[PDB]
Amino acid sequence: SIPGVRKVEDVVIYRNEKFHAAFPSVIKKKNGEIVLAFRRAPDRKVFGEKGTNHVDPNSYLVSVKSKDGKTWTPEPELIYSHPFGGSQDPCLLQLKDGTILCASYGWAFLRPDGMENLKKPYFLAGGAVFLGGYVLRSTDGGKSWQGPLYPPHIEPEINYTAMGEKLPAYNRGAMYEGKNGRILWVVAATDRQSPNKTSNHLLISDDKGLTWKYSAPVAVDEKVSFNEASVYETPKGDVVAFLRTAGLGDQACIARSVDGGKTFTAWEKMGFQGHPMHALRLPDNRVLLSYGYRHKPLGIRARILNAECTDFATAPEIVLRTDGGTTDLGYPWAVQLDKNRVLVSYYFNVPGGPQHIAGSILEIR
């Protein structure tokens, strides 16, 4: 038992058997409204198909809302439908001034004459051609969204988009607004084609997400891939990135910068399995690190780190869910409900059930 931690209850946030609902992020606005964004796409069983993967031309970015973390609006509102294909993993950032950024990335679906004419290299998965990143922005509390704004293509990235552009950077993971108002974003880039390898790189925005500048490599290895990453700034000003890996037995890793993101020291294993990671600063400046656990028993876990995020090896693991059906679940994202309660949202499935948004409400005193 973990001092000061208790699960209040689990909740279902959005569930509809006709839909694959996945990859949530969530913010709470100054007016009290909790806004949770997620990817919604057809559950392909509605077309008589055998199963659903993570590409679909009609995957849209949608949201549901709550005043308390427990009662949710039943009909999702549309954040964004990309004119050129399906959209992924909406990642919300709310700035102190109320601006909301919603990062995403896309997949295009081409016909045979298009496939033949693609500039190489490109990335093909599930019959779809990768489009890379795009970001929507709202200055009215999410009532309307402007954009898309395309992140820069960064030098390590080798791919072209399905439309022949150099691939805009992208990721799944939390951005972080630094104390000086600069926005930190750790993005992924494909830096080798065969075998596929990705590395992480820090982008920085000094204009509240209108444009991004490359700052420094975050995690690079000759064999191990680094992809989904959440970034965090500690009270003393360290920049920390929590990293999903490929080729390292699902080991969750960390990389740190002590010079404001100009250089990162060597990446380290944190000592546990899980992905992807999300970090939330709690009211006492400790850090809730939540992650998916795609091993038996399938579910969602977390641990609470000290303020500087140095004690990940000794912080006890909080087990939130063990009842998952298949590995198609996870991607938790936490939000502070009030001084003593946190909602850890995630997407989930139980045996025989659809991919839906769910959450665990925690009491952290």
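Note that residue numbering follows the sequence shown and begins at 1.
If you average the C-alpha B-factors over 322-330 and over 37-45, the higher value belongs to 322-330.
According to the PDB record, 63-71 carries the higher mean C-alpha B-factor of the two stretches 63-71 and 25-33. Annotation for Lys120, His275, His82, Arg172: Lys120 ranks highest, by Cα B-factor. Comparing C-alpha B-factors across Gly261, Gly142, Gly106, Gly292 in the deposited entry, the largest value falls on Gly261. Ranked within its chain, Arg341 lands in the highest third, by CA B factor from the PDB record. Per-chain ranking of the deposited C-alpha B factor places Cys91 in the lowest third. Compared with the other modelled residues of the chain, the Cα B-factor recorded for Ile2 ranks in the highest third. Compared with the other modelled residues of the chain, the Cα B-factor recorded for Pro217 ranks in the highest third. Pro57: CA B factor in the lowest third of modelled residues in this chain (values from the PDB entry).
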